[PDB]
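See below for start.cif, which holds mmCIF, N, CA and C atoms.
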```cif
data_coords
loop_
_atom_site.label_atom_id
_atom_site.label_comp_id
_atom_site.auth_asym_id
_atom_site.auth_seq_id
_atom_site.Cartn_x
_atom_site.Cartn_y
_atom_site.Cartn_z
N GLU A 1 -193.76 -49.80 82.07
CA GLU A 1 -194.91 -48.86 81.85
C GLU A 1 -194.94 -47.75 82.87
N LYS A 2 -194.27 -47.92 84.00
CA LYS A 2 -194.11 -46.81 84.95
C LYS A 2 -192.96 -45.90 84.51
N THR A 3 -193.12 -44.59 84.64
CA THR A 3 -192.06 -43.69 84.19
C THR A 3 -191.05 -43.54 85.25
N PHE A 4 -189.93 -42.92 84.92
CA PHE A 4 -188.92 -42.75 85.94
C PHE A 4 -189.51 -42.06 87.20
N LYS A 5 -190.36 -41.04 86.98
CA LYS A 5 -190.98 -40.33 88.12
C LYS A 5 -191.94 -41.27 88.94
N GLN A 6 -192.61 -42.19 88.26
CA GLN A 6 -193.47 -43.12 88.92
C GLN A 6 -192.66 -44.20 89.66
N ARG A 7 -191.38 -44.43 89.29
CA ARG A 7 -190.57 -45.49 89.93
C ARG A 7 -189.73 -45.01 91.08
N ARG A 8 -189.48 -43.71 91.17
CA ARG A 8 -188.53 -43.16 92.13
C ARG A 8 -189.19 -41.93 92.66
N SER A 9 -189.48 -41.94 93.96
CA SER A 9 -190.01 -40.80 94.64
C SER A 9 -189.16 -39.57 94.40
N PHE A 10 -189.82 -38.43 94.42
CA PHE A 10 -189.09 -37.18 94.53
C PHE A 10 -187.81 -37.23 95.35
N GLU A 11 -187.91 -37.80 96.56
CA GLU A 11 -186.87 -37.69 97.58
C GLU A 11 -185.67 -38.39 97.08
N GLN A 12 -185.90 -39.59 96.55
CA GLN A 12 -184.83 -40.39 95.96
C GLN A 12 -184.18 -39.65 94.77
N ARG A 13 -184.97 -38.96 93.96
CA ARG A 13 -184.42 -38.31 92.74
C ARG A 13 -183.58 -37.12 93.08
N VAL A 14 -184.07 -36.32 94.02
CA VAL A 14 -183.31 -35.19 94.60
C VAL A 14 -181.94 -35.68 95.04
N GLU A 15 -181.93 -36.80 95.76
CA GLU A 15 -180.73 -37.38 96.30
C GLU A 15 -179.74 -37.88 95.23
N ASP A 16 -180.28 -38.54 94.20
CA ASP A 16 -179.46 -39.03 93.07
C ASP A 16 -178.69 -37.87 92.48
N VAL A 17 -179.38 -36.78 92.25
CA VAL A 17 -178.79 -35.63 91.60
C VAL A 17 -177.84 -34.92 92.55
N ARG A 18 -178.28 -34.69 93.79
CA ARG A 18 -177.43 -33.98 94.75
C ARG A 18 -176.05 -34.66 94.78
N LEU A 19 -176.07 -35.99 94.77
CA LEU A 19 -174.85 -36.76 94.89
C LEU A 19 -174.06 -36.78 93.59
N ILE A 20 -174.73 -37.07 92.47
CA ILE A 20 -174.01 -37.25 91.23
C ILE A 20 -173.40 -35.90 90.77
N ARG A 21 -174.03 -34.79 91.17
CA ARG A 21 -173.47 -33.48 90.91
C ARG A 21 -172.27 -33.17 91.80
N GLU A 22 -172.28 -33.63 93.05
CA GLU A 22 -171.07 -33.51 93.89
C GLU A 22 -169.91 -34.27 93.27
N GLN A 23 -170.16 -35.46 92.72
CA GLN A 23 -169.08 -36.32 92.21
C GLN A 23 -168.67 -36.04 90.76
N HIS A 24 -169.57 -35.45 89.98
CA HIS A 24 -169.30 -35.18 88.57
C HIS A 24 -169.89 -33.79 88.29
N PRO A 25 -169.17 -32.75 88.71
CA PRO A 25 -169.67 -31.38 88.63
C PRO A 25 -169.73 -30.83 87.17
N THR A 26 -169.15 -31.52 86.19
CA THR A 26 -169.28 -31.03 84.78
C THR A 26 -170.10 -31.97 83.90
N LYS A 27 -170.90 -32.83 84.56
CA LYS A 27 -171.83 -33.76 83.89
C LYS A 27 -173.28 -33.49 84.22
N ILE A 28 -174.15 -33.79 83.24
CA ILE A 28 -175.53 -33.40 83.32
C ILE A 28 -176.32 -34.68 83.54
N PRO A 29 -177.13 -34.73 84.61
CA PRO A 29 -177.89 -35.96 84.72
C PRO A 29 -179.16 -35.90 83.92
N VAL A 30 -179.30 -36.88 83.04
CA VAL A 30 -180.37 -36.89 82.09
C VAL A 30 -181.19 -38.12 82.18
N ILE A 31 -182.52 -37.91 82.10
CA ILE A 31 -183.48 -38.97 82.04
C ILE A 31 -184.02 -39.04 80.63
N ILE A 32 -183.85 -40.20 79.99
CA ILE A 32 -184.19 -40.38 78.58
C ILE A 32 -185.14 -41.56 78.53
N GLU A 33 -186.37 -41.26 78.15
CA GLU A 33 -187.45 -42.26 78.01
C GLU A 33 -188.06 -42.29 76.71
N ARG A 34 -188.51 -43.48 76.34
CA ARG A 34 -189.20 -43.60 75.06
C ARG A 34 -190.64 -42.99 75.11
N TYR A 35 -191.04 -42.24 74.08
CA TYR A 35 -192.36 -41.59 74.01
C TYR A 35 -193.44 -42.69 74.16
N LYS A 36 -194.39 -42.48 75.08
CA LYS A 36 -195.52 -43.43 75.30
C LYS A 36 -196.35 -43.75 74.06
N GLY A 37 -196.34 -42.94 73.03
CA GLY A 37 -196.92 -43.38 71.78
C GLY A 37 -195.97 -43.99 70.73
N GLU A 38 -194.70 -44.23 71.06
CA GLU A 38 -193.75 -44.52 70.02
C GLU A 38 -193.93 -45.99 69.59
N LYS A 39 -193.85 -46.19 68.29
CA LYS A 39 -193.94 -47.54 67.67
C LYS A 39 -192.70 -48.05 66.94
N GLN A 40 -191.80 -47.15 66.54
CA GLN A 40 -190.72 -47.47 65.62
C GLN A 40 -189.42 -47.74 66.34
N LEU A 41 -189.21 -47.18 67.52
CA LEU A 41 -187.87 -47.21 68.04
C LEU A 41 -187.78 -48.21 69.13
N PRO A 42 -186.61 -48.87 69.22
CA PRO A 42 -186.42 -49.75 70.35
C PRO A 42 -186.34 -49.02 71.69
N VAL A 43 -186.41 -49.84 72.72
CA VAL A 43 -186.28 -49.36 74.05
C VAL A 43 -184.77 -49.39 74.36
N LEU A 44 -184.28 -48.35 75.02
CA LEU A 44 -182.97 -48.26 75.65
C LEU A 44 -183.02 -49.17 76.83
N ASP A 45 -181.87 -49.72 77.22
CA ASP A 45 -181.89 -50.55 78.39
C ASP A 45 -181.56 -49.78 79.69
N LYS A 46 -181.16 -48.52 79.60
CA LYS A 46 -181.02 -47.72 80.79
C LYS A 46 -181.86 -46.49 80.58
N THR A 47 -182.14 -45.80 81.67
CA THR A 47 -182.93 -44.59 81.68
C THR A 47 -182.14 -43.37 82.10
N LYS A 48 -181.18 -43.54 83.02
CA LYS A 48 -180.43 -42.43 83.61
C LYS A 48 -179.07 -42.33 82.95
N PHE A 49 -178.75 -41.13 82.48
CA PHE A 49 -177.60 -40.90 81.64
C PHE A 49 -176.85 -39.81 82.29
N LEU A 50 -175.55 -39.90 82.19
CA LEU A 50 -174.65 -38.87 82.66
C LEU A 50 -173.90 -38.34 81.42
N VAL A 51 -174.10 -37.07 81.08
CA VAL A 51 -173.60 -36.55 79.80
C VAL A 51 -172.63 -35.41 80.07
N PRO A 52 -171.38 -35.49 79.56
CA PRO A 52 -170.48 -34.31 79.71
C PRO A 52 -171.14 -33.02 79.28
N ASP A 53 -170.97 -31.98 80.09
CA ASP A 53 -171.72 -30.78 79.96
C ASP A 53 -171.36 -29.94 78.71
N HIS A 54 -170.28 -30.29 78.00
CA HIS A 54 -169.90 -29.56 76.76
C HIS A 54 -170.48 -30.19 75.46
N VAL A 55 -171.07 -31.39 75.53
CA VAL A 55 -171.70 -32.07 74.37
C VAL A 55 -172.90 -31.21 73.87
N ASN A 56 -173.09 -31.09 72.55
CA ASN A 56 -174.26 -30.42 72.01
C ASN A 56 -175.38 -31.41 71.95
N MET A 57 -176.61 -30.90 71.84
CA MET A 57 -177.76 -31.81 71.71
C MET A 57 -177.55 -32.70 70.48
N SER A 58 -176.96 -32.14 69.43
CA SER A 58 -176.75 -32.91 68.25
C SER A 58 -175.89 -34.12 68.56
N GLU A 59 -174.87 -33.93 69.39
CA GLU A 59 -173.99 -35.04 69.74
C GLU A 59 -174.63 -36.09 70.64
N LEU A 60 -175.45 -35.65 71.57
CA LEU A 60 -176.23 -36.60 72.37
C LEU A 60 -177.13 -37.44 71.42
N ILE A 61 -177.77 -36.78 70.48
CA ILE A 61 -178.64 -37.46 69.53
C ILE A 61 -177.82 -38.57 68.83
N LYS A 62 -176.67 -38.21 68.30
CA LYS A 62 -175.85 -39.16 67.50
C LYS A 62 -175.41 -40.31 68.36
N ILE A 63 -175.15 -40.03 69.64
CA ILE A 63 -174.84 -41.10 70.59
C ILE A 63 -176.04 -42.00 70.82
N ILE A 64 -177.18 -41.43 71.10
CA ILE A 64 -178.33 -42.31 71.42
C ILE A 64 -178.73 -43.13 70.19
N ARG A 65 -178.63 -42.54 68.97
CA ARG A 65 -178.82 -43.23 67.68
C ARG A 65 -177.88 -44.44 67.52
N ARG A 66 -176.68 -44.36 68.07
CA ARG A 66 -175.76 -45.52 68.07
C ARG A 66 -176.06 -46.51 69.20
N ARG A 67 -176.44 -46.03 70.38
CA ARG A 67 -176.99 -46.92 71.42
C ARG A 67 -178.25 -47.69 70.98
N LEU A 68 -179.08 -47.08 70.14
CA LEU A 68 -180.24 -47.77 69.61
C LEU A 68 -179.87 -48.49 68.32
N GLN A 69 -178.60 -48.41 67.90
CA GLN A 69 -178.08 -48.76 66.54
C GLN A 69 -179.11 -48.72 65.40
N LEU A 70 -179.26 -47.53 64.80
CA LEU A 70 -180.30 -47.22 63.83
C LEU A 70 -179.81 -47.07 62.43
N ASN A 71 -180.62 -47.52 61.49
CA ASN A 71 -180.41 -47.22 60.12
C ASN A 71 -180.41 -45.72 60.02
N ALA A 72 -179.64 -45.21 59.07
CA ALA A 72 -179.42 -43.77 58.86
C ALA A 72 -180.66 -43.07 58.48
N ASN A 73 -181.61 -43.78 57.88
CA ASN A 73 -182.88 -43.23 57.48
C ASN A 73 -183.93 -43.31 58.55
N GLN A 74 -183.64 -43.82 59.74
CA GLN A 74 -184.65 -43.83 60.76
C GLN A 74 -184.67 -42.45 61.41
N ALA A 75 -185.84 -41.82 61.45
CA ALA A 75 -186.06 -40.57 62.12
C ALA A 75 -185.93 -40.75 63.61
N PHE A 76 -185.33 -39.74 64.28
CA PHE A 76 -185.15 -39.81 65.76
C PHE A 76 -185.09 -38.34 66.29
N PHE A 77 -185.84 -38.06 67.32
CA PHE A 77 -185.91 -36.68 67.83
C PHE A 77 -185.91 -36.79 69.34
N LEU A 78 -185.39 -35.77 70.03
CA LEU A 78 -185.47 -35.76 71.48
C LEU A 78 -186.33 -34.54 71.85
N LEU A 79 -187.34 -34.76 72.68
CA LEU A 79 -188.27 -33.73 73.00
C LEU A 79 -188.07 -33.49 74.46
N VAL A 80 -187.45 -32.37 74.78
CA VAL A 80 -187.14 -32.00 76.15
C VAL A 80 -188.46 -31.74 76.92
N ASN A 81 -188.62 -32.42 78.05
CA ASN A 81 -189.85 -32.35 78.86
C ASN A 81 -191.00 -32.87 78.07
N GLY A 82 -190.73 -33.84 77.16
CA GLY A 82 -191.79 -34.40 76.30
C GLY A 82 -192.32 -33.58 75.14
N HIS A 83 -191.86 -32.35 74.99
CA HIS A 83 -192.48 -31.49 74.03
C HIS A 83 -191.58 -30.43 73.34
N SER A 84 -190.49 -30.01 73.93
CA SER A 84 -189.66 -28.95 73.36
C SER A 84 -188.57 -29.44 72.42
N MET A 85 -188.50 -28.84 71.22
CA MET A 85 -187.42 -29.02 70.26
C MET A 85 -186.44 -27.86 70.47
N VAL A 86 -185.34 -28.16 71.09
CA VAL A 86 -184.30 -27.15 71.34
C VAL A 86 -183.28 -27.24 70.20
N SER A 87 -182.56 -26.16 70.01
CA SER A 87 -181.64 -26.14 68.87
C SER A 87 -180.63 -27.25 69.05
N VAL A 88 -180.37 -27.99 67.97
CA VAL A 88 -179.42 -29.04 68.02
C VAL A 88 -178.01 -28.58 68.39
N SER A 89 -177.67 -27.30 68.14
CA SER A 89 -176.30 -26.87 68.51
C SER A 89 -176.20 -26.33 69.91
N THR A 90 -177.26 -26.49 70.75
CA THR A 90 -177.24 -26.05 72.17
C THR A 90 -176.40 -26.99 72.97
N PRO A 91 -175.41 -26.43 73.70
CA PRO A 91 -174.60 -27.22 74.63
C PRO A 91 -175.55 -27.81 75.69
N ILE A 92 -175.35 -29.03 76.11
CA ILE A 92 -176.32 -29.61 77.04
C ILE A 92 -176.33 -28.89 78.41
N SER A 93 -175.21 -28.30 78.78
CA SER A 93 -175.17 -27.41 79.95
C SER A 93 -176.21 -26.26 79.89
N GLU A 94 -176.48 -25.68 78.73
CA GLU A 94 -177.43 -24.56 78.68
C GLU A 94 -178.84 -25.10 78.70
N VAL A 95 -179.06 -26.27 78.05
CA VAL A 95 -180.37 -26.89 78.15
C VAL A 95 -180.68 -27.20 79.62
N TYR A 96 -179.68 -27.68 80.32
CA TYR A 96 -179.84 -28.01 81.76
C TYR A 96 -180.22 -26.80 82.62
N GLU A 97 -179.52 -25.67 82.43
CA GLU A 97 -179.84 -24.39 83.09
C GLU A 97 -181.26 -23.96 82.85
N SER A 98 -181.74 -24.03 81.60
CA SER A 98 -183.09 -23.60 81.26
C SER A 98 -184.21 -24.59 81.55
N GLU A 99 -183.94 -25.89 81.44
CA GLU A 99 -185.07 -26.85 81.40
C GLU A 99 -185.06 -27.93 82.44
N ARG A 100 -184.07 -27.92 83.31
CA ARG A 100 -184.05 -28.91 84.40
C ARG A 100 -185.36 -28.90 85.20
N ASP A 101 -185.69 -30.08 85.71
CA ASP A 101 -186.83 -30.29 86.57
C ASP A 101 -186.56 -29.78 87.98
N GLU A 102 -187.61 -29.63 88.79
CA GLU A 102 -187.43 -29.29 90.20
C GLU A 102 -186.55 -30.30 90.95
N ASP A 103 -186.51 -31.59 90.56
CA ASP A 103 -185.60 -32.59 91.26
C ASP A 103 -184.10 -32.55 90.88
N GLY A 104 -183.73 -31.74 89.88
CA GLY A 104 -182.33 -31.62 89.48
C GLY A 104 -182.01 -32.40 88.18
N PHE A 105 -182.93 -33.24 87.70
CA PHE A 105 -182.71 -34.01 86.45
C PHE A 105 -183.16 -33.19 85.26
N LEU A 106 -182.55 -33.45 84.12
CA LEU A 106 -183.03 -32.95 82.85
C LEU A 106 -183.74 -34.12 82.14
N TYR A 107 -185.00 -33.95 81.85
CA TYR A 107 -185.92 -34.95 81.28
C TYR A 107 -186.14 -34.78 79.75
N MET A 108 -186.11 -35.90 79.03
CA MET A 108 -186.34 -35.95 77.62
C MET A 108 -187.03 -37.20 77.25
N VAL A 109 -187.80 -37.12 76.16
CA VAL A 109 -188.49 -38.21 75.58
C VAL A 109 -187.98 -38.36 74.16
N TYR A 110 -187.76 -39.60 73.71
CA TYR A 110 -187.41 -39.79 72.28
C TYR A 110 -188.54 -40.35 71.50
N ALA A 111 -188.67 -39.86 70.26
CA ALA A 111 -189.71 -40.31 69.34
C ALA A 111 -189.29 -40.23 67.89
N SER A 112 -190.07 -40.90 67.03
CA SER A 112 -189.69 -40.99 65.62
C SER A 112 -190.37 -39.95 64.79
N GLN A 113 -191.27 -39.17 65.35
CA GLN A 113 -191.70 -37.97 64.61
C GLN A 113 -191.63 -36.71 65.43
N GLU A 114 -191.72 -35.64 64.68
CA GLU A 114 -191.49 -34.33 65.12
C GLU A 114 -192.78 -33.56 65.39
N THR A 115 -193.86 -33.94 64.73
CA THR A 115 -195.07 -33.12 64.73
C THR A 115 -196.24 -34.06 64.82
N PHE A 116 -197.13 -33.77 65.76
CA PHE A 116 -198.22 -34.66 66.05
C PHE A 116 -199.48 -33.92 65.66
N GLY A 117 -200.43 -34.62 65.08
CA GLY A 117 -201.56 -33.93 64.50
C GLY A 117 -201.09 -33.14 63.28
#
```

Let me see the file written as structure tokens.
Amino acid sequence: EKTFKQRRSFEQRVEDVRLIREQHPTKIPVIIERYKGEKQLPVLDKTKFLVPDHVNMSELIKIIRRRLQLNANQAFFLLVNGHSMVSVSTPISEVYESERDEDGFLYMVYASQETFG
């Protein structure tokens, strides 16, 4: 029930990224959490993801859909910073440039619907 930010101080998160970027300069560190209102999707067993920087959002989606092993008809969306729908053909490197957090991580929430209210 604690989020990644609630479990790891700023200082620790800065450090995770500073280091993982030194060691994997073409990989994007991503935090992927289940939406606090979500009812349909299973929980991932990890939170911190390292994604090659040339993968499109569409490809990350298809990967996480296989990590969650989903029926083809199950809806699945990634909402960058909990709220933004970025184009599925955006390379994850460009999403990282535009939407990274102050700690160096790129944050996303997954949910089974697209529009609330």

Quiz prompt | Selection near segment 18-22 of chain A, 8 Å with only C-alpha atoms, sequence-local residues under 6 positions removed, as JSON, numbers by chain | solution = {"A": [28, 29, 104]}

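From atom CA of residue 25 of chain A back to atom CA of residue 67 of chain A, the distance works out to 24.3 Å.
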
Would you mind listing what lies within 12 Å of residue 60 of chain A as a compact mmCIF listing (two decimals) with N, CA and C atoms, in the frame of the given file, with only C-alpha atoms counted and same-chain residues fewer than 2 positions away left out?
```txt
# COMPACT_ATOMS: atom_id res chain seq x y z
N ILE A 28 -174.15 -33.79 83.24
CA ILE A 28 -175.53 -33.40 83.32
C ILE A 28 -176.32 -34.68 83.54
N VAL A 30 -179.30 -36.88 83.04
CA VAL A 30 -180.37 -36.89 82.09
C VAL A 30 -181.19 -38.12 82.18
N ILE A 32 -183.85 -40.20 79.99
CA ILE A 32 -184.19 -40.38 78.58
C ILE A 32 -185.14 -41.56 78.53
N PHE A 49 -178.75 -41.13 82.48
CA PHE A 49 -177.60 -40.90 81.64
C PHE A 49 -176.85 -39.81 82.29
N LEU A 50 -175.55 -39.90 82.19
CA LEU A 50 -174.65 -38.87 82.66
C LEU A 50 -173.90 -38.34 81.42
N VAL A 51 -174.10 -37.07 81.08
CA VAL A 51 -173.60 -36.55 79.80
C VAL A 51 -172.63 -35.41 80.07
N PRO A 52 -171.38 -35.49 79.56
CA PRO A 52 -170.48 -34.31 79.71
C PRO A 52 -171.14 -33.02 79.28
N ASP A 53 -170.97 -31.98 80.09
CA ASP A 53 -171.72 -30.78 79.96
C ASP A 53 -171.36 -29.94 78.71
N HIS A 54 -170.28 -30.29 78.00
CA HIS A 54 -169.90 -29.56 76.76
C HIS A 54 -170.48 -30.19 75.46
N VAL A 55 -171.07 -31.39 75.53
CA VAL A 55 -171.70 -32.07 74.37
C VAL A 55 -172.90 -31.21 73.87
N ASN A 56 -173.09 -31.09 72.55
CA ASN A 56 -174.26 -30.42 72.01
C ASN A 56 -175.38 -31.41 71.95
N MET A 57 -176.61 -30.90 71.84
CA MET A 57 -177.76 -31.81 71.71
C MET A 57 -177.55 -32.70 70.48
N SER A 58 -176.96 -32.14 69.43
CA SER A 58 -176.75 -32.91 68.25
C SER A 58 -175.89 -34.12 68.56
N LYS A 62 -176.67 -38.21 68.30
CA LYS A 62 -175.85 -39.16 67.50
C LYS A 62 -175.41 -40.31 68.36
N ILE A 63 -175.15 -40.03 69.64
CA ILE A 63 -174.84 -41.10 70.59
C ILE A 63 -176.04 -42.00 70.82
N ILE A 64 -177.18 -41.43 71.10
CA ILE A 64 -178.33 -42.31 71.42
C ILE A 64 -178.73 -43.13 70.19
N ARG A 65 -178.63 -42.54 68.97
CA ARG A 65 -178.82 -43.23 67.68
C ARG A 65 -177.88 -44.44 67.52
N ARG A 66 -176.68 -44.36 68.07
CA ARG A 66 -175.76 -45.52 68.07
C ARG A 66 -176.06 -46.51 69.20
N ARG A 67 -176.44 -46.03 70.38
CA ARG A 67 -176.99 -46.92 71.42
C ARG A 67 -178.25 -47.69 70.98
N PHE A 76 -185.33 -39.74 64.28
CA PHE A 76 -185.15 -39.81 65.76
C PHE A 76 -185.09 -38.34 66.29
N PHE A 77 -185.84 -38.06 67.32
CA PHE A 77 -185.91 -36.68 67.83
C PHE A 77 -185.91 -36.79 69.34
N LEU A 78 -185.39 -35.77 70.03
CA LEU A 78 -185.47 -35.76 71.48
C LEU A 78 -186.33 -34.54 71.85
N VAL A 88 -180.37 -27.99 67.97
CA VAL A 88 -179.42 -29.04 68.02
C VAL A 88 -178.01 -28.58 68.39
N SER A 89 -177.67 -27.30 68.14
CA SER A 89 -176.30 -26.87 68.51
C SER A 89 -176.20 -26.33 69.91
N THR A 90 -177.26 -26.49 70.75
CA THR A 90 -177.24 -26.05 72.17
C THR A 90 -176.40 -26.99 72.97
N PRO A 91 -175.41 -26.43 73.70
CA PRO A 91 -174.60 -27.22 74.63
C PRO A 91 -175.55 -27.81 75.69
N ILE A 92 -175.35 -29.03 76.11
CA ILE A 92 -176.32 -29.61 77.04
C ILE A 92 -176.33 -28.89 78.41
N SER A 93 -175.21 -28.30 78.78
CA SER A 93 -175.17 -27.41 79.95
C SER A 93 -176.21 -26.26 79.89
N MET A 108 -186.11 -35.90 79.03
CA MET A 108 -186.34 -35.95 77.62
C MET A 108 -187.03 -37.20 77.25
N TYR A 110 -187.76 -39.60 73.71
CA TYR A 110 -187.41 -39.79 72.28
C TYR A 110 -188.54 -40.35 71.50
```

Quiz item: With all atoms listed in the file as the atoms that count, which of A:97, A:69, A:8, A:109 lies nearest to residue 31 of chain A?
Solution: A:109

Quiz item: Between A:45, A:82, A:33, A:116, which is the closest to residue 3 of chain A once you count only N, CA and C atoms?
Solution: A:33

Practice problem: May I ask for the distance between atom CA of residue 40 of chain A and atom CA of residue 112 of chain A, given in Å to one decimal place? | Solution: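 Straight-line distance from atom CA of residue 40 of chain A to atom CA of residue 112 of chain A works out to 6.6 Å.
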
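A straight line drawn from atom CA of residue 101 of chain A to atom CA of residue 70 of chain A is 29.1 Å long.
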
Self-check item: Nearest residue to residue 39 of chain A from the set A:117, A:102, A:75, A:95 (distances using only C-alpha atoms)
Solution: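 Among the listed residues, A:75 lies closest to residue 39 of chain A.
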
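Using only C-alpha atoms, the smallest distance between any of A:81, A:71, A:6, A:87 and residue 105 of chain A comes from A:81.
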
Exercise. Tell me which of A:79, A:37, A:103, A:68 sits closest to residue 11 of chain A, counting all atoms listed in the file.
Key: A:103

Quiz item: Taking into account only N, CA and C atoms, which residue in the set A:2, A:7, A:36, A:24 is nearest to residue 111 of chain A?
Solution: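 Closest to residue 111 of chain A of all the choices is A:36.
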
Practice problem: Name the residues of segment 69-113 of chain A that fall into alpha helix (DSSP H) according to DSSP on the backbone, using the chain letters and numbers of this document, as a ChimeraX atom specification. | Solution: /A:92-99

Hey, can I get the axis-aligned box for segment 11-30 of chain A? All listed atoms, 4 Å padding on each side, centre and edge lengths in Å to one decimal, as JSON.
```
{"center_x": -178.3, "center_y": -35.6, "center_z": 89.8, "size_x": 27.2, "size_y": 17.6, "size_z": 23.5}
```

Self-check item: Residue set, chain A restricted to strand (DSSP E or B), as a PyMOL selection string
Solution: chain A and resi 27-34+48-52+56+77-80+84+91+106-111

Since the input has fewer atoms than a full residue there, write segment 104-116 of chain A out with N, CA, C and O atoms, as a PDB file, keeping the file's coordinate frame.
```
ATOM      1  N   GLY A 104    -183.730 -31.740  89.880  1.00  0.00           N
ATOM      2  CA  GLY A 104    -182.330 -31.620  89.480  1.00  0.00           C
ATOM      3  C   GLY A 104    -182.010 -32.400  88.180  1.00  0.00           C
ATOM      4  O   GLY A 104    -180.910 -32.300  87.677  1.00  0.00           O
ATOM      5  N   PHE A 105    -182.930 -33.240  87.700  1.00  0.00           N
ATOM      6  CA  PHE A 105    -182.710 -34.010  86.450  1.00  0.00           C
ATOM      7  C   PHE A 105    -183.160 -33.190  85.260  1.00  0.00           C
ATOM      8  O   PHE A 105    -184.040 -32.370  85.355  1.00  0.00           O
ATOM      9  N   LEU A 106    -182.550 -33.450  84.120  1.00  0.00           N
ATOM     10  CA  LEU A 106    -183.030 -32.950  82.850  1.00  0.00           C
ATOM     11  C   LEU A 106    -183.740 -34.120  82.140  1.00  0.00           C
ATOM     12  O   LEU A 106    -183.145 -35.126  81.892  1.00  0.00           O
ATOM     13  N   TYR A 107    -185.000 -33.950  81.850  1.00  0.00           N
ATOM     14  CA  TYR A 107    -185.920 -34.950  81.280  1.00  0.00           C
ATOM     15  C   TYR A 107    -186.140 -34.780  79.750  1.00  0.00           C
ATOM     16  O   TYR A 107    -186.428 -33.712  79.293  1.00  0.00           O
ATOM     17  N   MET A 108    -186.110 -35.900  79.030  1.00  0.00           N
ATOM     18  CA  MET A 108    -186.340 -35.950  77.620  1.00  0.00           C
ATOM     19  C   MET A 108    -187.030 -37.200  77.250  1.00  0.00           C
ATOM     20  O   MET A 108    -186.860 -38.208  77.916  1.00  0.00           O
ATOM     21  N   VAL A 109    -187.800 -37.120  76.160  1.00  0.00           N
ATOM     22  CA  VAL A 109    -188.490 -38.210  75.580  1.00  0.00           C
ATOM     23  C   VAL A 109    -187.980 -38.360  74.160  1.00  0.00           C
ATOM     24  O   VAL A 109    -187.786 -37.354  73.482  1.00  0.00           O
ATOM     25  N   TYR A 110    -187.760 -39.600  73.710  1.00  0.00           N
ATOM     26  CA  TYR A 110    -187.410 -39.790  72.280  1.00  0.00           C
ATOM     27  C   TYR A 110    -188.540 -40.350  71.500  1.00  0.00           C
ATOM     28  O   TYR A 110    -189.294 -41.200  72.020  1.00  0.00           O
ATOM     29  N   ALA A 111    -188.670 -39.860  70.260  1.00  0.00           N
ATOM     30  CA  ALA A 111    -189.710 -40.310  69.340  1.00  0.00           C
ATOM     31  C   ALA A 111    -189.290 -40.230  67.890  1.00  0.00           C
ATOM     32  O   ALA A 111    -188.273 -39.575  67.523  1.00  0.00           O
ATOM     33  N   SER A 112    -190.070 -40.900  67.030  1.00  0.00           N
ATOM     34  CA  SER A 112    -189.690 -40.990  65.620  1.00  0.00           C
ATOM     35  C   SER A 112    -190.370 -39.950  64.790  1.00  0.00           C
ATOM     36  O   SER A 112    -190.047 -39.800  63.636  1.00  0.00           O
ATOM     37  N   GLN A 113    -191.270 -39.170  65.350  1.00  0.00           N
ATOM     38  CA  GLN A 113    -191.700 -37.970  64.610  1.00  0.00           C
ATOM     39  C   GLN A 113    -191.630 -36.710  65.430  1.00  0.00           C
ATOM     40  O   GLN A 113    -191.522 -36.710  66.648  1.00  0.00           O
ATOM     41  N   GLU A 114    -191.720 -35.640  64.680  1.00  0.00           N
ATOM     42  CA  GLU A 114    -191.490 -34.330  65.120  1.00  0.00           C
ATOM     43  C   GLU A 114    -192.780 -33.560  65.390  1.00  0.00           C
ATOM     44  O   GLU A 114    -192.779 -32.605  66.169  1.00  0.00           O
ATOM     45  N   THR A 115    -193.860 -33.940  64.730  1.00  0.00           N
ATOM     46  CA  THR A 115    -195.070 -33.120  64.730  1.00  0.00           C
ATOM     47  C   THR A 115    -196.240 -34.060  64.820  1.00  0.00           C
ATOM     48  O   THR A 115    -196.302 -35.085  64.125  1.00  0.00           O
ATOM     49  N   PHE A 116    -197.130 -33.770  65.760  1.00  0.00           N
ATOM     50  CA  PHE A 116    -198.220 -34.660  66.050  1.00  0.00           C
ATOM     51  C   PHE A 116    -199.480 -33.920  65.660  1.00  0.00           C
ATOM     52  O   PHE A 116    -199.573 -32.693  65.870  1.00  0.00           O
TER      53      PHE A 116
END
```
